[PDB]
file upload.txt (compact mmCIF, N, CA and C atoms)
# COMPACT_ATOMS: atom_id res chain seq x y z
N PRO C 1 -13.03 -15.96 11.36
CA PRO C 1 -13.36 -17.19 10.59
C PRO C 1 -13.47 -17.06 9.06
N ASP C 2 -13.55 -15.87 8.47
CA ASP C 2 -13.37 -15.64 7.02
C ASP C 2 -11.98 -15.78 6.36
N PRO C 3 -11.72 -16.92 5.74
CA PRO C 3 -10.44 -17.18 5.07
C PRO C 3 -10.09 -16.21 3.96
N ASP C 4 -11.08 -15.50 3.45
CA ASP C 4 -10.85 -14.40 2.53
C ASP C 4 -10.38 -13.08 3.07
N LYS C 5 -10.48 -12.96 4.39
CA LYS C 5 -10.23 -11.68 5.03
C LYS C 5 -8.84 -11.61 5.66
N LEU C 6 -8.17 -10.49 5.46
CA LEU C 6 -6.85 -10.30 6.04
C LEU C 6 -7.06 -9.44 7.28
N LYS C 7 -6.71 -9.94 8.45
CA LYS C 7 -6.86 -9.11 9.63
C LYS C 7 -5.79 -8.03 9.65
N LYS C 8 -4.66 -8.34 9.04
CA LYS C 8 -3.55 -7.42 9.03
C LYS C 8 -2.89 -7.63 7.67
N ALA C 9 -2.37 -6.56 7.10
CA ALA C 9 -1.64 -6.58 5.84
C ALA C 9 -0.20 -6.06 5.89
N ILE C 10 0.53 -6.52 4.88
CA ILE C 10 1.87 -6.10 4.62
C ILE C 10 1.81 -5.77 3.16
N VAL C 11 2.23 -4.54 2.94
CA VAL C 11 2.34 -4.03 1.61
C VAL C 11 3.80 -3.94 1.20
N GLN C 12 4.14 -4.83 0.28
CA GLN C 12 5.50 -4.91 -0.25
C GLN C 12 5.72 -4.01 -1.44
N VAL C 13 6.88 -3.37 -1.45
CA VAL C 13 7.17 -2.42 -2.52
C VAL C 13 8.62 -2.53 -2.95
N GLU C 14 8.98 -1.72 -3.94
CA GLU C 14 10.37 -1.61 -4.34
C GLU C 14 10.81 -0.16 -4.27
N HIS C 15 12.01 0.07 -3.75
CA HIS C 15 12.60 1.38 -3.70
C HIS C 15 14.12 1.25 -3.88
N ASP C 16 14.63 2.12 -4.75
CA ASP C 16 16.04 2.07 -5.13
C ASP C 16 16.37 0.65 -5.53
N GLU C 17 15.47 0.01 -6.28
CA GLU C 17 15.75 -1.30 -6.83
C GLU C 17 15.93 -2.35 -5.72
N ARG C 18 15.48 -2.06 -4.51
CA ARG C 18 15.52 -3.08 -3.50
C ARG C 18 14.13 -3.25 -2.86
N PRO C 19 13.94 -4.45 -2.33
CA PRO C 19 12.67 -4.85 -1.76
C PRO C 19 12.43 -4.17 -0.42
N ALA C 20 11.24 -3.61 -0.25
CA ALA C 20 10.93 -2.97 1.01
C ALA C 20 9.45 -3.14 1.34
N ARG C 21 8.99 -2.57 2.44
CA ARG C 21 7.58 -2.60 2.74
C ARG C 21 7.22 -1.24 3.32
N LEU C 22 5.97 -0.91 3.14
CA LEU C 22 5.36 0.19 3.86
C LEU C 22 5.28 -0.03 5.35
N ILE C 23 5.57 1.02 6.10
CA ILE C 23 5.27 1.02 7.52
C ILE C 23 3.89 1.65 7.66
N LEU C 24 2.90 0.79 7.70
CA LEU C 24 1.52 1.20 7.74
C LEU C 24 1.13 1.91 9.02
N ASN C 25 1.83 1.71 10.12
CA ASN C 25 1.37 2.29 11.37
C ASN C 25 2.14 3.53 11.80
N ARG C 26 2.93 4.08 10.88
CA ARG C 26 3.58 5.38 11.10
C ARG C 26 3.01 6.50 10.27
N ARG C 27 2.82 7.62 10.95
CA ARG C 27 2.15 8.75 10.35
C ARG C 27 3.11 9.52 9.46
N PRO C 28 2.84 9.65 8.17
CA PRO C 28 3.66 10.51 7.33
C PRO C 28 3.44 11.98 7.63
N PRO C 29 4.51 12.74 7.72
CA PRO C 29 4.39 14.16 8.06
C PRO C 29 3.72 15.00 6.99
N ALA C 30 3.71 14.47 5.77
CA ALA C 30 3.10 15.13 4.63
C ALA C 30 2.60 14.13 3.58
N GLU C 31 1.46 14.53 3.04
CA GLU C 31 0.87 13.83 1.91
C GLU C 31 1.86 13.53 0.80
N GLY C 32 1.76 12.30 0.35
CA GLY C 32 2.59 11.80 -0.71
C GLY C 32 3.92 11.20 -0.27
N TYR C 33 4.16 11.24 1.03
CA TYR C 33 5.26 10.51 1.64
C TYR C 33 4.77 9.38 2.56
N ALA C 34 5.69 8.49 2.92
CA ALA C 34 5.43 7.45 3.89
C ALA C 34 6.77 6.95 4.38
N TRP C 35 6.74 6.36 5.57
CA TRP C 35 7.88 5.61 6.05
C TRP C 35 7.82 4.20 5.45
N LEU C 36 9.01 3.68 5.16
CA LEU C 36 9.25 2.39 4.54
C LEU C 36 10.41 1.73 5.30
N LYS C 37 10.60 0.43 5.10
CA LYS C 37 11.70 -0.35 5.67
C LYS C 37 12.24 -1.24 4.54
N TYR C 38 13.56 -1.30 4.35
CA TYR C 38 14.11 -2.26 3.42
C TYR C 38 14.05 -3.66 4.04
N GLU C 39 13.59 -4.58 3.22
CA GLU C 39 13.46 -5.93 3.75
C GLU C 39 14.81 -6.63 3.87
N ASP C 40 15.78 -6.23 3.06
CA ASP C 40 17.06 -6.93 3.07
C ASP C 40 17.92 -6.54 4.26
N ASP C 41 17.82 -5.33 4.80
CA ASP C 41 18.72 -4.96 5.89
C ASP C 41 17.96 -4.29 7.01
N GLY C 42 16.63 -4.17 6.92
CA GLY C 42 15.83 -3.59 7.99
C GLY C 42 15.91 -2.08 8.14
N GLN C 43 16.62 -1.32 7.30
CA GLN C 43 16.70 0.11 7.56
C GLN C 43 15.37 0.75 7.19
N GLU C 44 14.89 1.59 8.10
CA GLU C 44 13.72 2.46 7.97
C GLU C 44 14.04 3.80 7.33
N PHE C 45 13.18 4.30 6.46
CA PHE C 45 13.48 5.58 5.85
C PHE C 45 12.17 6.15 5.36
N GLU C 46 12.25 7.40 4.94
CA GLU C 46 11.11 8.07 4.37
C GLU C 46 11.35 8.17 2.89
N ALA C 47 10.25 8.13 2.16
CA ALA C 47 10.37 8.26 0.73
C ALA C 47 9.14 8.99 0.21
N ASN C 48 9.37 9.78 -0.83
CA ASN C 48 8.33 10.24 -1.72
C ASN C 48 7.72 9.02 -2.41
N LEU C 49 6.41 8.88 -2.22
CA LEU C 49 5.71 7.75 -2.80
C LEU C 49 5.80 7.68 -4.31
N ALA C 50 6.16 8.80 -4.93
CA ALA C 50 6.25 8.81 -6.39
C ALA C 50 7.38 7.92 -6.82
N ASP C 51 8.31 7.72 -5.90
CA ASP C 51 9.48 6.93 -6.16
C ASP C 51 9.37 5.53 -5.58
N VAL C 52 8.18 5.04 -5.29
CA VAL C 52 8.04 3.69 -4.74
C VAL C 52 7.13 2.90 -5.64
N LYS C 53 7.50 1.65 -5.93
CA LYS C 53 6.73 0.80 -6.82
C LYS C 53 6.02 -0.29 -5.99
N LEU C 54 4.71 -0.40 -6.12
CA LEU C 54 3.91 -1.42 -5.44
C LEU C 54 4.22 -2.84 -5.88
N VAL C 55 4.39 -3.84 -5.01
CA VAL C 55 4.76 -5.16 -5.53
C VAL C 55 3.83 -6.30 -5.16
N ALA C 56 3.43 -6.25 -3.91
CA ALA C 56 2.54 -7.28 -3.40
C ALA C 56 1.85 -6.86 -2.09
N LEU C 57 0.63 -7.39 -1.95
CA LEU C 57 -0.08 -7.23 -0.71
C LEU C 57 -0.21 -8.62 -0.11
N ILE C 58 0.35 -8.86 1.07
CA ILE C 58 0.22 -10.17 1.69
C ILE C 58 -0.30 -10.06 3.09
N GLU C 59 -0.66 -11.23 3.61
CA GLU C 59 -1.29 -11.35 4.95
C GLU C 59 -0.20 -11.05 5.97
N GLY C 60 -0.53 -10.18 6.92
CA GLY C 60 0.39 -9.86 7.99
C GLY C 60 -0.07 -10.56 9.26
N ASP N 1 -0.95 8.00 20.83
CA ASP N 1 0.37 8.17 20.15
C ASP N 1 0.16 8.77 18.76
N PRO N 2 0.40 10.06 18.67
CA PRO N 2 0.00 10.80 17.48
C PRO N 2 0.91 10.43 16.36
N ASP N 3 2.07 9.82 16.59
CA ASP N 3 2.93 9.41 15.47
C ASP N 3 2.51 8.07 14.87
N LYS N 4 1.59 7.40 15.53
CA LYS N 4 1.14 6.11 15.03
C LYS N 4 -0.22 6.17 14.34
N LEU N 5 -0.47 5.34 13.32
CA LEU N 5 -1.78 5.21 12.71
C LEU N 5 -2.30 3.87 13.18
N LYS N 6 -3.57 3.83 13.54
CA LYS N 6 -4.07 2.59 14.12
C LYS N 6 -4.54 1.72 12.98
N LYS N 7 -5.16 2.48 12.09
CA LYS N 7 -5.55 2.00 10.78
C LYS N 7 -5.01 2.92 9.67
N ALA N 8 -4.83 2.32 8.50
CA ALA N 8 -4.29 3.01 7.36
C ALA N 8 -5.15 2.88 6.11
N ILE N 9 -5.07 3.89 5.26
CA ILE N 9 -5.63 3.87 3.94
C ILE N 9 -4.50 4.14 2.96
N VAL N 10 -4.44 3.29 1.95
CA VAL N 10 -3.38 3.36 0.98
C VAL N 10 -4.03 3.81 -0.30
N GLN N 11 -3.73 5.06 -0.61
CA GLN N 11 -4.36 5.71 -1.74
C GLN N 11 -3.47 5.53 -2.96
N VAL N 12 -4.11 5.16 -4.07
CA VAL N 12 -3.44 4.87 -5.31
C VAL N 12 -4.19 5.43 -6.50
N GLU N 13 -3.57 5.20 -7.66
CA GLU N 13 -4.18 5.53 -8.95
C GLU N 13 -4.11 4.31 -9.83
N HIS N 14 -5.15 4.11 -10.62
CA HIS N 14 -5.27 3.00 -11.54
C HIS N 14 -6.13 3.52 -12.68
N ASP N 15 -5.74 3.30 -13.92
CA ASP N 15 -6.40 3.90 -15.09
C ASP N 15 -6.65 5.40 -14.92
N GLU N 16 -5.68 6.12 -14.36
CA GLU N 16 -5.83 7.56 -14.19
C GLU N 16 -7.04 7.86 -13.32
N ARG N 17 -7.41 6.93 -12.45
CA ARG N 17 -8.45 7.26 -11.50
C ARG N 17 -7.97 6.92 -10.09
N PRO N 18 -8.44 7.68 -9.11
CA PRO N 18 -8.08 7.50 -7.70
C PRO N 18 -8.77 6.31 -7.07
N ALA N 19 -7.97 5.54 -6.37
CA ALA N 19 -8.54 4.35 -5.78
C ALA N 19 -7.81 4.12 -4.48
N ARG N 20 -8.23 3.09 -3.78
CA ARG N 20 -7.46 2.66 -2.65
C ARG N 20 -7.36 1.14 -2.66
N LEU N 21 -6.29 0.66 -2.04
CA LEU N 21 -6.18 -0.77 -1.75
C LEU N 21 -7.25 -1.20 -0.78
N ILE N 22 -7.73 -2.42 -0.98
CA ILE N 22 -8.56 -3.02 0.06
C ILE N 22 -7.66 -3.98 0.80
N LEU N 23 -7.21 -3.49 1.95
CA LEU N 23 -6.21 -4.21 2.70
C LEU N 23 -6.67 -5.47 3.43
N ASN N 24 -7.97 -5.59 3.61
CA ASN N 24 -8.55 -6.69 4.37
C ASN N 24 -9.07 -7.82 3.47
N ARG N 25 -8.77 -7.78 2.19
CA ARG N 25 -9.25 -8.82 1.29
C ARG N 25 -8.06 -9.53 0.71
N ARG N 26 -8.06 -10.85 0.80
CA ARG N 26 -6.99 -11.69 0.28
C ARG N 26 -7.00 -11.56 -1.24
N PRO N 27 -5.91 -11.11 -1.81
CA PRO N 27 -5.81 -11.00 -3.26
C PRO N 27 -5.80 -12.38 -3.94
N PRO N 28 -6.18 -12.43 -5.21
CA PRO N 28 -6.33 -13.71 -5.89
C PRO N 28 -5.01 -14.43 -6.08
N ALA N 29 -3.92 -13.65 -6.16
CA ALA N 29 -2.56 -14.17 -6.31
C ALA N 29 -1.51 -13.09 -5.99
N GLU N 30 -0.30 -13.53 -5.69
CA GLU N 30 0.83 -12.62 -5.54
C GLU N 30 1.04 -11.63 -6.70
N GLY N 31 1.20 -10.36 -6.37
CA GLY N 31 1.38 -9.29 -7.35
C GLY N 31 0.03 -8.64 -7.61
N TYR N 32 -1.04 -9.16 -7.01
CA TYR N 32 -2.39 -8.65 -7.23
C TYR N 32 -2.96 -8.12 -5.91
N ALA N 33 -4.08 -7.43 -6.04
CA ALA N 33 -4.82 -6.92 -4.88
C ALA N 33 -6.21 -6.49 -5.30
N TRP N 34 -7.11 -6.48 -4.32
CA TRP N 34 -8.40 -5.82 -4.51
C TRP N 34 -8.23 -4.31 -4.26
N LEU N 35 -8.79 -3.50 -5.15
CA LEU N 35 -8.87 -2.04 -5.10
C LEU N 35 -10.32 -1.58 -5.12
N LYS N 36 -10.54 -0.32 -4.76
CA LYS N 36 -11.84 0.33 -4.87
C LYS N 36 -11.61 1.73 -5.43
N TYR N 37 -12.31 2.08 -6.51
CA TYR N 37 -12.26 3.44 -7.04
C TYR N 37 -12.96 4.41 -6.07
N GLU N 38 -12.37 5.57 -5.81
CA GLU N 38 -12.95 6.58 -4.95
C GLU N 38 -14.07 7.38 -5.60
N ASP N 39 -13.97 7.62 -6.90
CA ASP N 39 -15.00 8.21 -7.74
C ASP N 39 -16.34 7.50 -7.50
N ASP N 40 -16.44 6.23 -7.88
CA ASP N 40 -17.75 5.61 -7.79
C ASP N 40 -17.88 4.35 -6.96
N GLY N 41 -16.88 3.97 -6.18
CA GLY N 41 -16.98 2.85 -5.25
C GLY N 41 -16.88 1.45 -5.84
N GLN N 42 -16.62 1.31 -7.14
CA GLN N 42 -16.45 0.00 -7.74
C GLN N 42 -15.18 -0.71 -7.26
N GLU N 43 -15.35 -1.94 -6.77
CA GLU N 43 -14.28 -2.83 -6.32
C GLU N 43 -13.84 -3.70 -7.49
N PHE N 44 -12.53 -3.90 -7.60
CA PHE N 44 -11.97 -4.66 -8.71
C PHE N 44 -10.65 -5.29 -8.38
N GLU N 45 -10.31 -6.31 -9.16
CA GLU N 45 -9.04 -6.98 -8.98
C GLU N 45 -7.99 -6.43 -9.93
N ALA N 46 -6.79 -6.15 -9.44
CA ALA N 46 -5.80 -5.55 -10.30
C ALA N 46 -4.40 -6.09 -10.07
N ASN N 47 -3.56 -6.01 -11.09
CA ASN N 47 -2.15 -6.34 -10.94
C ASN N 47 -1.47 -5.07 -10.41
N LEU N 48 -0.72 -5.22 -9.33
CA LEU N 48 -0.16 -4.07 -8.68
C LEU N 48 0.86 -3.38 -9.59
N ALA N 49 1.33 -4.09 -10.62
CA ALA N 49 2.27 -3.47 -11.55
C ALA N 49 1.56 -2.33 -12.27
N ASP N 50 0.24 -2.40 -12.35
CA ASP N 50 -0.53 -1.34 -13.00
C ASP N 50 -1.17 -0.38 -12.01
N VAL N 51 -0.69 -0.39 -10.77
CA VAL N 51 -1.16 0.59 -9.80
C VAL N 51 -0.01 1.46 -9.40
N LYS N 52 -0.30 2.75 -9.34
CA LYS N 52 0.54 3.82 -8.79
C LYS N 52 0.19 4.24 -7.36
N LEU N 53 1.20 4.27 -6.51
CA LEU N 53 1.03 4.66 -5.13
C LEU N 53 0.99 6.18 -4.99
N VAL N 54 0.05 6.71 -4.21
CA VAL N 54 -0.12 8.15 -4.06
C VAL N 54 -0.02 8.66 -2.63
N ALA N 55 -0.64 8.01 -1.67
CA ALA N 55 -0.56 8.57 -0.32
C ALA N 55 -0.90 7.47 0.64
N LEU N 56 -0.40 7.65 1.85
CA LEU N 56 -0.76 6.79 2.96
C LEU N 56 -1.40 7.74 3.97
N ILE N 57 -2.67 7.60 4.33
CA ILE N 57 -3.36 8.45 5.31
C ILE N 57 -3.97 7.62 6.42
N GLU N 58 -4.37 8.31 7.46
CA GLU N 58 -4.95 7.64 8.63
C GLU N 58 -6.30 7.08 8.26
N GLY N 59 -6.52 5.81 8.60
CA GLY N 59 -7.83 5.24 8.37
C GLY N 59 -8.59 5.20 9.69
call {"tool": "encode", "arguments": {"input": "upload.txt", "output": "C-alpha cells"}}
result
Amino acid sequence: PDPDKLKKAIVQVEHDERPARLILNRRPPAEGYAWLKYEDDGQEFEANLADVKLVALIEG
Amino acid sequence: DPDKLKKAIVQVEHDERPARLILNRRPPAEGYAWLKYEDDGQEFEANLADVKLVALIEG
C-alpha cells in the first residue's frame, strides 16, 4: 500500500552506446562485473561495471 | 539456485564516496534515485549521471 515503495526495480544503463538493463537476479562471478541485457535486441552479456553508465531506476 | 540472487545490492560511488542505490524507493524523477552512503548511512537524492556503478552483490 506504500505508493513510494518499489516492490521490484529495473535499473537501466548504457553500454556500448546502447540502452540496457542490469540483470539483478544473476550472480556475477566476480566483483565489479554483472550480467546485463540490451533493451533493443534482448541479448544478455557480461560487462565490467566500469564500462557501464547508470541511466534510470524504474518500477519493475 | 546458486546462480540466482534473490535480492541484490547495487554498489556505487558518488562524490568519491561508496554508496548504494535504494532500490525500493521511488525516485523523484527519471534519471534520479535515492542512494545511501556506506560510510555514514546518510540517504540522499541524486542524479544518476553523477553516480558511478561499482558492483552488484547478493542482498
call {"tool": "residues_around", "arguments": {"input": "upload.txt", "residues": "segment 5-7 of chain N", "least_positions_apart": "3", "cutoff": "5 Å", "atoms": "all atoms listed in the file", "output": "compact mmCIF listing (two decimals) with N, CA and C atoms, in the coordinates of the input"}}
result
# COMPACT_ATOMS: atom_id res chain seq x y z
N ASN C 25 1.83 1.71 10.12
CA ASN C 25 1.37 2.29 11.37
C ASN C 25 2.14 3.53 11.80
N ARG C 26 2.93 4.08 10.88
CA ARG C 26 3.58 5.38 11.10
C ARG C 26 3.01 6.50 10.27
N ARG C 27 2.82 7.62 10.95
CA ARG C 27 2.15 8.75 10.35
C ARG C 27 3.11 9.52 9.46
N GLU N 58 -4.37 8.31 7.46
CA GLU N 58 -4.95 7.64 8.63
C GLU N 58 -6.30 7.08 8.26
N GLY N 59 -6.52 5.81 8.60
CA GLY N 59 -7.83 5.24 8.37
C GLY N 59 -8.59 5.20 9.69
call {"tool": "residues_around", "arguments": {"input": "upload.txt", "residues": "segment 37-49 of chain N", "least_positions_apart": "5", "cutoff": "12 Å", "atoms": "only C-alpha atoms", "output": "JSON, numbers by chain"}}
result
{"C": [11, 12, 13, 14, 52, 53, 54, 55, 56, 57], "N": [9, 10, 11, 12, 13, 14, 15, 16, 17, 18, 19, 20, 21, 22, 25, 26, 27, 28, 29, 30, 31, 32]}
call {"tool": "interface_residues", "arguments": {"input": "upload.txt", "of": "chain C", "to": "chain N", "cutoff": "8 Å", "atoms": "only N, CA and C atoms", "output": "PyMOL selection string"}}
result
chain C and resi 3-10+24-28+30-35+48-59
call {"tool": "write_last_selection", "arguments": {"input": "upload.txt", "atoms": "N, CA and C atoms", "output": "PDB file, keeping the file's coordinate frame"}}
result
ATOM      1  N   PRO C   3     -11.720 -16.920   5.740  1.00  0.00           N
ATOM      2  CA  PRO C   3     -10.440 -17.180   5.070  1.00  0.00           C
ATOM      3  C   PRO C   3     -10.090 -16.210   3.960  1.00  0.00           C
ATOM      4  N   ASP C   4     -11.080 -15.500   3.450  1.00  0.00           N
ATOM      5  CA  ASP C   4     -10.850 -14.400   2.530  1.00  0.00           C
ATOM      6  C   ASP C   4     -10.380 -13.080   3.070  1.00  0.00           C
ATOM      7  N   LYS C   5     -10.480 -12.960   4.390  1.00  0.00           N
ATOM      8  CA  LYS C   5     -10.230 -11.680   5.030  1.00  0.00           C
ATOM      9  C   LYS C   5      -8.840 -11.610   5.660  1.00  0.00           C
ATOM     10  N   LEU C   6      -8.170 -10.490   5.460  1.00  0.00           N
ATOM     11  CA  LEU C   6      -6.850 -10.300   6.040  1.00  0.00           C
ATOM     12  C   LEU C   6      -7.060  -9.440   7.280  1.00  0.00           C
ATOM     13  N   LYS C   7      -6.710  -9.940   8.450  1.00  0.00           N
ATOM     14  CA  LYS C   7      -6.860  -9.110   9.630  1.00  0.00           C
ATOM     15  C   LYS C   7      -5.790  -8.030   9.650  1.00  0.00           C
ATOM     16  N   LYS C   8      -4.660  -8.340   9.040  1.00  0.00           N
ATOM     17  CA  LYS C   8      -3.550  -7.420   9.030  1.00  0.00           C
ATOM     18  C   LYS C   8      -2.890  -7.630   7.670  1.00  0.00           C
ATOM     19  N   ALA C   9      -2.370  -6.560   7.100  1.00  0.00           N
ATOM     20  CA  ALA C   9      -1.640  -6.580   5.840  1.00  0.00           C
ATOM     21  C   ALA C   9      -0.200  -6.060   5.890  1.00  0.00           C
ATOM     22  N   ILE C  10       0.530  -6.520   4.880  1.00  0.00           N
ATOM     23  CA  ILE C  10       1.870  -6.100   4.620  1.00  0.00           C
ATOM     24  C   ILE C  10       1.810  -5.770   3.160  1.00  0.00           C
ATOM     25  N   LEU C  24       2.900   0.790   7.700  1.00  0.00           N
ATOM     26  CA  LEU C  24       1.520   1.200   7.740  1.00  0.00           C
ATOM     27  C   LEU C  24       1.130   1.910   9.020  1.00  0.00           C
ATOM     28  N   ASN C  25       1.830   1.710  10.120  1.00  0.00           N
ATOM     29  CA  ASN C  25       1.370   2.290  11.370  1.00  0.00           C
ATOM     30  C   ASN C  25       2.140   3.530  11.800  1.00  0.00           C
ATOM     31  N   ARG C  26       2.930   4.080  10.880  1.00  0.00           N
ATOM     32  CA  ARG C  26       3.580   5.380  11.100  1.00  0.00           C
ATOM     33  C   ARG C  26       3.010   6.500  10.270  1.00  0.00           C
ATOM     34  N   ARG C  27       2.820   7.620  10.950  1.00  0.00           N
ATOM     35  CA  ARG C  27       2.150   8.750  10.350  1.00  0.00           C
ATOM     36  C   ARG C  27       3.110   9.520   9.460  1.00  0.00           C
ATOM     37  N   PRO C  28       2.840   9.650   8.170  1.00  0.00           N
ATOM     38  CA  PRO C  28       3.660  10.510   7.330  1.00  0.00           C
ATOM     39  C   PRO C  28       3.440  11.980   7.630  1.00  0.00           C
ATOM     40  N   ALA C  30       3.710  14.470   5.770  1.00  0.00           N
ATOM     41  CA  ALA C  30       3.100  15.130   4.630  1.00  0.00           C
ATOM     42  C   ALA C  30       2.600  14.130   3.580  1.00  0.00           C
ATOM     43  N   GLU C  31       1.460  14.530   3.040  1.00  0.00           N
ATOM     44  CA  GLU C  31       0.870  13.830   1.910  1.00  0.00           C
ATOM     45  C   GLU C  31       1.860  13.530   0.800  1.00  0.00           C
ATOM     46  N   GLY C  32       1.760  12.300   0.350  1.00  0.00           N
ATOM     47  CA  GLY C  32       2.590  11.800  -0.710  1.00  0.00           C
ATOM     48  C   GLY C  32       3.920  11.200  -0.270  1.00  0.00           C
ATOM     49  N   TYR C  33       4.160  11.240   1.030  1.00  0.00           N
ATOM     50  CA  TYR C  33       5.260  10.510   1.640  1.00  0.00           C
ATOM     51  C   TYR C  33       4.770   9.380   2.560  1.00  0.00           C
ATOM     52  N   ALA C  34       5.690   8.490   2.920  1.00  0.00           N
ATOM     53  CA  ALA C  34       5.430   7.450   3.890  1.00  0.00           C
ATOM     54  C   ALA C  34       6.770   6.950   4.380  1.00  0.00           C
ATOM     55  N   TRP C  35       6.740   6.360   5.570  1.00  0.00           N
ATOM     56  CA  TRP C  35       7.880   5.610   6.050  1.00  0.00           C
ATOM     57  C   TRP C  35       7.820   4.200   5.450  1.00  0.00           C
ATOM     58  N   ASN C  48       9.370   9.780  -0.830  1.00  0.00           N
ATOM     59  CA  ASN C  48       8.330  10.240  -1.720  1.00  0.00           C
ATOM     60  C   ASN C  48       7.720   9.020  -2.410  1.00  0.00           C
ATOM     61  N   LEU C  49       6.410   8.880  -2.220  1.00  0.00           N
ATOM     62  CA  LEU C  49       5.710   7.750  -2.800  1.00  0.00           C
ATOM     63  C   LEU C  49       5.800   7.680  -4.310  1.00  0.00           C
ATOM     64  N   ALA C  50       6.160   8.800  -4.930  1.00  0.00           N
ATOM     65  CA  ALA C  50       6.250   8.810  -6.390  1.00  0.00           C
ATOM     66  C   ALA C  50       7.380   7.920  -6.820  1.00  0.00           C
ATOM     67  N   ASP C  51       8.310   7.720  -5.900  1.00  0.00           N
ATOM     68  CA  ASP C  51       9.480   6.930  -6.160  1.00  0.00           C
ATOM     69  C   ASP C  51       9.370   5.530  -5.580  1.00  0.00           C
ATOM     70  N   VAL C  52       8.180   5.040  -5.290  1.00  0.00           N
ATOM     71  CA  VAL C  52       8.040   3.690  -4.740  1.00  0.00           C
ATOM     72  C   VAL C  52       7.130   2.900  -5.640  1.00  0.00           C
ATOM     73  N   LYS C  53       7.500   1.650  -5.930  1.00  0.00           N
ATOM     74  CA  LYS C  53       6.730   0.800  -6.820  1.00  0.00           C
ATOM     75  C   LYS C  53       6.020  -0.290  -5.990  1.00  0.00           C
ATOM     76  N   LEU C  54       4.710  -0.400  -6.120  1.00  0.00           N
ATOM     77  CA  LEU C  54       3.910  -1.420  -5.440  1.00  0.00           C
ATOM     78  C   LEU C  54       4.220  -2.840  -5.880  1.00  0.00           C
ATOM     79  N   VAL C  55       4.390  -3.840  -5.010  1.00  0.00           N
ATOM     80  CA  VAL C  55       4.760  -5.160  -5.530  1.00  0.00           C
ATOM     81  C   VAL C  55       3.830  -6.300  -5.160  1.00  0.00           C
ATOM     82  N   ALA C  56       3.430  -6.250  -3.910  1.00  0.00           N
ATOM     83  CA  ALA C  56       2.540  -7.280  -3.400  1.00  0.00           C
ATOM     84  C   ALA C  56       1.850  -6.860  -2.090  1.00  0.00           C
ATOM     85  N   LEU C  57       0.630  -7.390  -1.950  1.00  0.00           N
ATOM     86  CA  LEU C  57      -0.080  -7.230  -0.710  1.00  0.00           C
ATOM     87  C   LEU C  57      -0.210  -8.620  -0.110  1.00  0.00           C
ATOM     88  N   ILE C  58       0.350  -8.860   1.070  1.00  0.00           N
ATOM     89  CA  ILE C  58       0.220 -10.170   1.690  1.00  0.00           C
ATOM     90  C   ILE C  58      -0.300 -10.060   3.090  1.00  0.00           C
ATOM     91  N   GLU C  59      -0.660 -11.230   3.610  1.00  0.00           N
ATOM     92  CA  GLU C  59      -1.290 -11.350   4.950  1.00  0.00           C
ATOM     93  C   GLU C  59      -0.200 -11.050   5.970  1.00  0.00           C
TER      94      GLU C  59
END
call {"tool": "closest_residue", "arguments": {"input": "upload.txt", "among": "C:60, C:46, C:1, C:17", "to": "residue 29 of chain C", "atoms": "only C-alpha atoms"}}
result
C:46
call {"tool": "axis_aligned_box", "arguments": {"input": "upload.txt", "around": "segment 45-52 of chain C", "padding_each_side": "3 Å", "output": "AutoDock Vina command-line options"}}
result
--center_x 9.6 --center_y 6.6 --center_z -0.2 --size_x 13.8 --size_y 13.3 --size_z 19.3
call {"tool": "atom_distance", "arguments": {"input": "upload.txt", "atom1": "atom N of residue 2 of chain C", "atom2": "atom CA of residue 36 of chain N"}}
result
21.1 Å
call {"tool": "decode", "arguments": {"input": "upload.txt", "residues": "segment 45-56 of chain N", "atoms": "N, CA and C atoms", "output": "PDB file, in the first residue's frame"}}
result
ATOM      1  N   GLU N  45      19.072  12.189  -2.390  1.00  0.00           N
ATOM      2  CA  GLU N  45      18.591  12.098  -3.757  1.00  0.00           C
ATOM      3  C   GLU N  45      19.664  12.517  -4.748  1.00  0.00           C
ATOM      4  N   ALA N  46      19.863  11.761  -5.816  1.00  0.00           N
ATOM      5  CA  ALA N  46      20.931  12.086  -6.730  1.00  0.00           C
ATOM      6  C   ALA N  46      20.559  11.873  -8.181  1.00  0.00           C
ATOM      7  N   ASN N  47      21.229  12.599  -9.073  1.00  0.00           N
ATOM      8  CA  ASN N  47      21.076  12.363 -10.499  1.00  0.00           C
ATOM      9  C   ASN N  47      22.044  11.227 -10.854  1.00  0.00           C
ATOM     10  N   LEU N  48      21.520  10.210 -11.518  1.00  0.00           N
ATOM     11  CA  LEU N  48      22.313   9.032 -11.768  1.00  0.00           C
ATOM     12  C   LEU N  48      23.487   9.368 -12.694  1.00  0.00           C
ATOM     13  N   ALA N  49      23.409  10.505 -13.387  1.00  0.00           N
ATOM     14  CA  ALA N  49      24.520  10.893 -14.254  1.00  0.00           C
ATOM     15  C   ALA N  49      25.742  11.152 -13.385  1.00  0.00           C
ATOM     16  N   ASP N  50      25.529  11.485 -12.122  1.00  0.00           N
ATOM     17  CA  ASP N  50      26.638  11.726 -11.212  1.00  0.00           C
ATOM     18  C   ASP N  50      26.925  10.541 -10.295  1.00  0.00           C
ATOM     19  N   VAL N  51      26.423   9.370 -10.656  1.00  0.00           N
ATOM     20  CA  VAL N  51      26.759   8.172  -9.912  1.00  0.00           C
ATOM     21  C   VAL N  51      27.505   7.237 -10.820  1.00  0.00           C
ATOM     22  N   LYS N  52      28.569   6.667 -10.254  1.00  0.00           N
ATOM     23  CA  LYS N  52      29.372   5.574 -10.802  1.00  0.00           C
ATOM     24  C   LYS N  52      29.028   4.189 -10.252  1.00  0.00           C
ATOM     25  N   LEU N  53      28.817   3.247 -11.155  1.00  0.00           N
ATOM     26  CA  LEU N  53      28.495   1.896 -10.787  1.00  0.00           C
ATOM     27  C   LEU N  53      29.758   1.112 -10.420  1.00  0.00           C
ATOM     28  N   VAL N  54      29.720   0.353  -9.330  1.00  0.00           N
ATOM     29  CA  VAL N  54      30.884  -0.374  -8.843  1.00  0.00           C
ATOM     30  C   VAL N  54      30.693  -1.879  -8.714  1.00  0.00           C
ATOM     31  N   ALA N  55      29.587  -2.340  -8.158  1.00  0.00           N
ATOM     32  CA  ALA N  55      29.472  -3.785  -8.007  1.00  0.00           C
ATOM     33  C   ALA N  55      28.011  -4.100  -7.818  1.00  0.00           C
ATOM     34  N   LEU N  56      27.687  -5.328  -8.166  1.00  0.00           N
ATOM     35  CA  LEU N  56      26.371  -5.873  -7.900  1.00  0.00           C
ATOM     36  C   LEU N  56      26.643  -7.078  -6.994  1.00  0.00           C
TER      37      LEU N  56
END
